[PDB]
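Asks: experimental structure and sequence below.
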Amino acid sequence: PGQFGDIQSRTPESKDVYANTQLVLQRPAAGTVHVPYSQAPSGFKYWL
Amino acid sequence: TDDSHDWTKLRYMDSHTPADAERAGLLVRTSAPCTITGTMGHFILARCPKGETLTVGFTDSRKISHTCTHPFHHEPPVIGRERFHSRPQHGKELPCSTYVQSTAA
Amino acid sequence: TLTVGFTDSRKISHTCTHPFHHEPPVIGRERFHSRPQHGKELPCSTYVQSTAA
Amino acid sequence: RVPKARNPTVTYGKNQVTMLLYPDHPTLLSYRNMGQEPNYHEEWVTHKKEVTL
Amino acid sequence: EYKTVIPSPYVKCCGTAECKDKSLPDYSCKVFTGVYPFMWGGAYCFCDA
Amino acid sequence: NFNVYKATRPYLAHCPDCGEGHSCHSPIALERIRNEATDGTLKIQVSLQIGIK
């Protein structure tokens, strides 16, 4: 989790994808009609 | 100049003459231009970004912009433990202290 | 942050404000500000102005 | 309404714990013991950092 | 770089919805109770609890 | 050229900061924000549509 290769593919056209990110949902509140979730940290955008 | 209650005009002195201008004439900034909420009497209430200075201006009936600045360093204090960004979807309900819009205190 | 806004036909502007940590990814080995006249050529990636996709 | 923080990833070692943690905005961290002493400690953090405890 | 996609969330008032298990890349589902949406005309539903 | 938006209409949505400190339903609530290009360009997904009458 939280590393480049959290998501993985064998080709640029492989539809089969490996993922390890833990998009863990959270509780929405009164009026807050949306979906609250644990953000998956990227691999690239800090690995850059 | 006749003790009015309008949301258009505003008094300013000129050589023993109260003259009128518009609320769109005034403008406030510290780094970016602020946003204006409370307009009454001698008193103007805004919310404004992270401040080094303050600048206030308005424009004349002769359209000459009188705009002058005041030295004051503005930092909003933090609430909680997080030097945060703006008000998000996820909020925990932590106490704070704000002015209200009661025009007669 | 980020603000996007316009004015309606009722002459009442809306301005929505979203917290978004914009950070420019630094290109090359120089942490410059704006591309001047005297520059080299490095690979980078942008968006084209096409419509169909 | 104050923001909450994103839950960090965490794993364990034999009688210790490694916590890899992801901020976006400058955010505090603190920890203590529940014994007779607190051994209280704290750090500011701004970047995606790991810690051992 | 990945891409987190959620659709619009399902709402079951005067009822209690439940998931459907499906081999998705990091399938994550949850039903929440006691919620109360707000929209144009107040609550989207009629009852509350 | 460019006739694909003949079944669209805007998407009134709860923007958390509509000015004013507190939140409101704006027709200009941002929904998705992409910046994956290395050249600092922000691709903004907004509710409403442009150009088409």
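Replies: Arrived safely, thanks for sending. Residues are numbered from 1 along each chain as shown, chains lettered A, B, ... in the order given.
Asks: ok, for residue D:26, nearest residue in space, not its chain neighbours?
Replies: Using Cβ to Cβ, 6 or more residues apart in numbering or on different chains and skipping the chain neighbours, the partner closest in space to residue D:26 is residue B:83 (3.9 Å). C-betas here are computed from N, CA, C, even on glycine.
Asks: ok, residue A:48 next?
Replies: On the basis of Cβ to Cβ, 6+ apart, the spatially nearest residue to residue A:48 that is not a chain neighbour turns out to be residue C:25, at 5.9 Å.
Asks: check contacts around the one you found.
Replies: Neighbour list for residue C:25: A:48, F:38, F:40 [criterion: Cβ atoms under 8 Å, 6 or more residues apart in numbering or on different chains].
Asks: now it: which helix or strand?
Replies: For residue C:25, there is no helix or strand it lies in under DSSP states H and E.
Asks: ok so, going back, let's have the contacts of residue C:25 in a markdown table, adding neighbour count and secondary structure.
Replies: Shown next, in a markdown table, are the contacts of residue C:25 (neighbours: other Cβ atoms under 10 Å in any protein chain shown; DSSP: H, G, I helix; E, B strand; the rest coil):
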| residue | neighbour count | secondary structure |
| --- | --- | --- |
| A:48 | 10 | coil |
| F:38 | 16 | coil |
| F:40 | 13 | coil |
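Asks: out of these, which one sits closest to residue E:43?
Replies: Taking Cβ to Cβ as the measure, residue E:43 sits nearest to residue F:40 out of those, at 42.3 Å.
Asks: what about whichever residue of chain F sits closest to chain E, distance to chain D?
Replies: With Cβ to the nearest Cβ as the measure, the residue in chain F that lies nearest chain E is residue F:36; the distance is 6.1 Å. When Cβ to the nearest Cβ, to the nearest Å is the yardstick, residue F:36 and chain D sit 17 Å from each other.
Asks: I'd assumed residue E:1 was in contact with that residue.
Replies: Yes - Residue F:36 lies in contact with residue E:1 (Cβ atoms under 8 Å); the separation is 6.1 Å.
Asks: who's in contact with the residue nearest to the spatial centre of chain F?
Replies: Geometric centre of chain F, nearest residue: residue F:46, 0.7 Å, by Cα atoms, centre = their mean. The neighbourhood of residue F:46, defined by Cβ under 8 Å, 6+ apart, consists of C:4, F:28, F:29, F:30, F:31.
Asks: one step back: from the contacts of residue C:25, pick the one nearest residue A:32.
Replies: Nearest to residue A:32 among the contacts of residue C:25, with distances taken as Cβ to Cβ, is residue F:40, at 31.8 Å.
Asks: so which bits of chain F are right by chain A?
Replies: Counting by Cβ under 8 Å from any Cβ of the partner chain, the residues of chain F close to chain A are residue F:14.
Asks: quick one: the strands in chain F, in order.
Replies: With DSSP state E, the ranges of strands along chain F come out as F:13-15, F:24-26, F:32-34, F:43-45.
Asks: before we move on, back to that, how close does the residue of chain F closest to chain E get to residue E:13?
Replies: 38 Å (Cβ to Cβ, to the nearest Å).
Asks: more crowded one of the two?
Replies: residue E:13 (16 against 13; other Cβ atoms under 10 Å in any protein chain shown).
Asks: I figured the more buried one hits residue E:44, correct?
Replies: Yes - using Cβ under 8 Å, residue E:13 makes contact with residue E:44 at a distance of 7.5 Å.
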